[PDB]
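Each of the two blocks below gives one form of the same protein chain as structure tokens; they are labelled structure 1 and structure 2.
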Structure 1
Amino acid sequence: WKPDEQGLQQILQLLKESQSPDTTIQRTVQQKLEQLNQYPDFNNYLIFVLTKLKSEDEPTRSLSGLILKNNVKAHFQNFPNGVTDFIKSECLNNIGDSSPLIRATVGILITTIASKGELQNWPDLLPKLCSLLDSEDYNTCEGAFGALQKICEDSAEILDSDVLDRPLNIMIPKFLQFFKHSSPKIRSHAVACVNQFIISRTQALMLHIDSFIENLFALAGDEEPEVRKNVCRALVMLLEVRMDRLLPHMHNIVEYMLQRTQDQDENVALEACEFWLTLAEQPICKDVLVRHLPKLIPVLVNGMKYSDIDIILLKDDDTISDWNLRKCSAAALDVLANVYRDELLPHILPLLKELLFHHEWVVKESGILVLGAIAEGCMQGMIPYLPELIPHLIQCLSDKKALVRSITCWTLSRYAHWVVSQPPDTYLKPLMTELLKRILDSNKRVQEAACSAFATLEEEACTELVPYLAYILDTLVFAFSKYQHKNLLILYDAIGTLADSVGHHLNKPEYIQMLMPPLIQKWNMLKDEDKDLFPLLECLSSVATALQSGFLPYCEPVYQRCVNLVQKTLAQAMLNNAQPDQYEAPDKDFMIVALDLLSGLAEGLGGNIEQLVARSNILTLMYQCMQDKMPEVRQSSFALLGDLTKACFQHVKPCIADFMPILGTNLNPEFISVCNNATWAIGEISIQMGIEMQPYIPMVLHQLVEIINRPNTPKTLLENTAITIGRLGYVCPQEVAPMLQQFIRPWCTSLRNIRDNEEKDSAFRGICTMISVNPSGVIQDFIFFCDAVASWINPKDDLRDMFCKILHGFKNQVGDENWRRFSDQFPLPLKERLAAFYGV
């Protein structure tokens, strides 16, 4: 292939035209480029310029390759074999071009053809590059190593599988040799290349571990930053993977690493710091580090100050980096605090005193952070200093620098549990007061901090907020008019938790007047594709639950949208199941919460829900959800079932014929929560169906008896199983009763521990009925029945009579003689219970 004279001038002009320093004129030409991208012959002209037309300036030639790259980035299959083969050959022959810019251009070109046009479609790429490493020209050798590094970074695991032969087995040992190269840049590429294969534990490397670690040490003290960075990086990774071989040198390592953590070069430091985080998460840390703590701690703490940049970059969505020296240091400190517990205080506490009361706010702020970082692990040791620290921090909330207010919000929240364990007036009251003001701070970052802190505080305080409800709500509902979006999400969480914490104490007319309007208002701002959907749901669900019946005027749009979401999800699930590559599998979590919020409205609204239930296909969907592959969906729906049974059985009855079957198959004890809710639904239906339960009784009853007698089964499942057993026997004694002998022993040992409530009364009514039908099935193990009856403190009058009849009838049926002997087994409290309660 050869370029055409005028064809060349076409492109050379086109390029000359995209040099333009004018947005208007430049973007006009970039247009026809796309029409030529079809013409795959165009790419031959494109590469020719870069690599052959040396009578042209570097900027232009570079641009040619930089454009060709993009024709690869989108639509590269469009390339003919003869074209790619030409680019590949031209690239490899110029890899180490005399010019620096061209070399980089050629480089990024190879890189891209390798990843996008996958590795096996370039069979002899690697061995040619490997060979090129040995080239005597530094530029070609370095250029090759550059490319090889990027390959290793891009497609490490591909090179680490048979999908391309086993090319690393030659590469790794070859790289390891270049560790002793005379150029600092080359040494860097070599270690960077290898580092790609530590965690993947690739054999080519792991079987040369000692060889590797050795050159790693040889390079520890290299003056060139990038080499040191990589060495650190290597050692950090080695920690997770080959600790065995690193152990014998551990002390020399931490010594190096400590020195590195304070390196002048930002990057080396942060790489070293990672070491402390990683180390701290190993079981051997406690022993290996102890003697270094005195030097470790101060370095961490010192690293925990905001950098001068960090300061300016603050005093949008997260303006600071996701991860830096400070966050890493604190990360480590936090972890170490959980490792050493109170044993860390000797090294930190002297530092705190000096930091927390400092005139330079940058220093003070880092103090407050430390205080918060160490909170989880060193809690017990901190207790004695809290009576003076907590008030100090409350005072700090009023600091003039916003960045001090914000961490103070955080640090305080980290001690919430102790704060609520004190007399309310002393710490809780003033904290909560000051925290509320902070919520309305004029600085976005502080608002974020303060609202989160308060969310945390509410979880700890619960009913201790009840007296302050009106004051809380005021500032919370006002925040709606101030909070942008990032914070608005935290506000939802603060409101959700509030309701969760105060429970029914929120159910008061004037509170509802404040809260629901701006919530409902934001509910109508939504789409089923809105990012705010899920947080606002969970918020509204917590609120519904607390508000109980009081939620009535607000529930129609919430109810509606939830039933919608369930349909949306089941529909997309169907279409995916049919044609997976064509329709994306839906996110089931929305359905789960929707189901839950429905179960929530059913509990809160009881009777009044019936209207909304009637005018929707909730039960149809419910039916599908009960057959979902994912247990969480089945679990959530069985809860909704029982909830609907209880609330408005009239709309449910038509479906009982279909539900029961599915419920029957879902009695699987392995899926604990599904099994729990299935059981609970059964009992709830039996009560409703009444004597009509008869047909459905024998198809669940066998598994329930197998479950109740099954060992190693959660307390709560057994209890709920026993409750259903009893409940069936109440409405349909004839079917259930004749199995009394089998389930009586565990039934008693289960329910005797549960509080005298409706569920218990319900169940014992069932057991008493079943006895007056099959007295034979209980007389064996009557001692257990006595015990379960002794457990009652406040039985209903009638049930108390039922206990007598049984207790008496099966006493004088064995005589006063045998009874007295039978009564010897009872403890004083029990023997005296039945003696007092039922006339012995």
Structure 2
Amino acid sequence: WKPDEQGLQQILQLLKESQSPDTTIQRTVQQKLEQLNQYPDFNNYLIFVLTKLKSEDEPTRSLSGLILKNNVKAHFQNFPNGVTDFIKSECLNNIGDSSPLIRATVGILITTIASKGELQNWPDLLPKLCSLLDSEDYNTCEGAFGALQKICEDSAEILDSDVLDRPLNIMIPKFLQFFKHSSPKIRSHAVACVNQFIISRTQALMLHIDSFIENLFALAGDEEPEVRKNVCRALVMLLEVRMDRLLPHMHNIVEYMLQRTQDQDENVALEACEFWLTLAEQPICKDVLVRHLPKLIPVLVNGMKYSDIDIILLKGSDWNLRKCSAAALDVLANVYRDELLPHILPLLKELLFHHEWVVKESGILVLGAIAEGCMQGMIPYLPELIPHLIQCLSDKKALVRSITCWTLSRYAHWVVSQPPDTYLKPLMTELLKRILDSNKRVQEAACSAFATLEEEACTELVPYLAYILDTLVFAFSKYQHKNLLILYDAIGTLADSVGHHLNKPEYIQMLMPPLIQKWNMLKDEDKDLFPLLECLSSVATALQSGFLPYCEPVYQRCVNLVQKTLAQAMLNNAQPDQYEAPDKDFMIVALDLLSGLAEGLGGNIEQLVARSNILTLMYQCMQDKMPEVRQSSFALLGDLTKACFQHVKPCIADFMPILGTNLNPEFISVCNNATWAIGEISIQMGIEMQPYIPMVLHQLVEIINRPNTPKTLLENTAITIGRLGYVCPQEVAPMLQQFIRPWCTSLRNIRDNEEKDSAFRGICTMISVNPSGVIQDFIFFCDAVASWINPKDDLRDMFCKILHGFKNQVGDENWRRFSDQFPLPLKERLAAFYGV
């Protein structure tokens, strides 16, 4: 190309000036590059200074290369080909420069061009890079491998495709030749490259797997950390996808991995420790570790101590050895269950009472990690350990306090199942004290743990409500941002746990002002709305009428957030390159709070909905690609159907075909909420529902006959079928005997409430229309009627009329023989209410 003296002098001057210590000269050199950056000829100069101008010192050539790199990562679309191709050529021709800094800049450039640009726009990068691998000069081969490694790392899923034409079928078998390479760096590159293609089950590798595994074993003896690390991660990944090939060497592999897990180089050890995590998921786990489990447990427990650096940092963190070890112990406890306890109790004995806080802390962690797997076996020891943990909550080391909060929360079920005065009461008391700890990590540990306890305890925390609130509100004053969010979650769970008991003027008065205060201080773009909003959702449901003085602004903001989100997606959908897509959680949370408002306020939401476009917006949410949006909108639909149907009725003809298309059990909560909604609309429509039954019934019967479908979906499906039958017995009546079995099984287990009442009314009217539909499975109906404790009188006589009716057809003889099959409670219950 064409380097000129004047141009070169100006750019070299500018590069020197960009390296000036003066701050003002920096800002003006920066704006000068801002202007120059869009001119392709300038880029020609930048690479020219990098690769050709030996006269200039290295930081200048490299800075030129890096400025060029930013220009590529921000303007490469606008590069013409003549300059691009000049850069490409000059880079590959300098991949092995004897200067390490220049070599690194050329490398970053190359990879950046393949990333920002296009892999299929540089068709001959990979082939050339591979051949450079064979070169003589060491640095040249190192540089090419470095480039390939980076390319495989970010372009992973693109070489395993037909975008190009299988370069892997050439690259992978070539890498495996360099595991035997004399230099540690190159070995590392080779392994790290291959490793990118294990979980993908990449053909080129899978049909060379034998040679791969062989070369990995040949490397086991290598003491160079980077190669050990990569071999370790090879074996870990291989364990997940090509198990068969490894079984015959499993003993030596476990021996190796157990050795590496104890390596003093923490980075090697972490990759080794992943082996136990993924091994514990394979069904062959018990069999493989029979010779090694006794050693594995203490090694894991020992790796669960905080590292020395973390101890110092936390004195005033992502995946590490300690977290990996704790996760591995958790899963192994779930595999081995009570069989683990003889391995674990001697370590706990020596750890839980130790005088060195780091050791004690690890012990409490261990005790928590195994809680799920070993719960049954640990019960005998909990009357001692729980009081001991409660004492540890006031340990003088913050990190002991916080881990104790968590471990106790892991035994919350057992605590709640015991007499409240022995464990629950003192635990809750010290948990509340902790919540107001001066240490921020303790605060958050305590809040999480208290929330978990709240979830488990429920009604058992009604007598200690005022004291709980006393503490939670005070936290408003002391908590900083990060922990106020956890507090909102704790309040939310409290409101869900205690329901209407929260509705007292004093509680409302202490709770609402700081919630509204933070509501007014956060903007519509702040993600921190999610916990506040979800907290408000729970509070509103609990407060009911008590929420009246607060609803209007809350309602208004929520509808708008749904609106602006929906408007954002539309705008992003039109011009994706200029308008970023919105975060739909704002919409999910806004809908959920509106659901809570409608459930809480009931009828009293009418004025707000009358003045709103909530249903026009709701129509758009119900059709969204995202399941959770639909799930929230069908929930809101059901709540508004109950609260103010007059505003919903106009939309039914549109809404129903959409509800009808969301009866898909693959999406449990969407299918559920649609089903519930359709039952609620049924009750309000009455016989006007007749045209809509065919779009839903066929599916509902299939869903109620589907094996392994959650209890709650089946209960709602049954209720809805009952409700449809109540308003339109003729359309649904006919299929009576295809659903009566599971309908009865499911509904026999729910409490006597309005929904159950309504659904049984439906099944009674339907029996009158198609009684033969019940004859064959009358045992199920008898049981379902016997499930009623306190039925309203009209429902009872309906029952008695069908029962008395049935006995009069099969005769006192078939009746007696049939009712012999009644368990005692059943026979007696129906003579007690129905005199059958």
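Numbers given to residues start at 1 and step along the sequence of structure 1. Basically, rigid core = biggest C-alpha set you can superpose within 1.5 Å across the two forms.
Under a division of the chain into two rigid parts between structures 1 and 2, the C-alpha atoms of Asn576 and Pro467 are best fitted by different superpositions and thus lie in separate parts.
For the chain modelled as two rigid parts, C-alpha superpositions between structures 1 and 2 yield a turn of the smaller part by 15°. Core superposition gives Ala450 a CA displacement of 0.5 Å between structures 1 and 2. For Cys562, the displacement of the CA atom between structures 1 and 2, after superposition on the rigid core, amounts to 3.7 Å. When the rigid core is fitted, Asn812 shows a C-alpha shift of 10.5 Å between structures 1 and 2.
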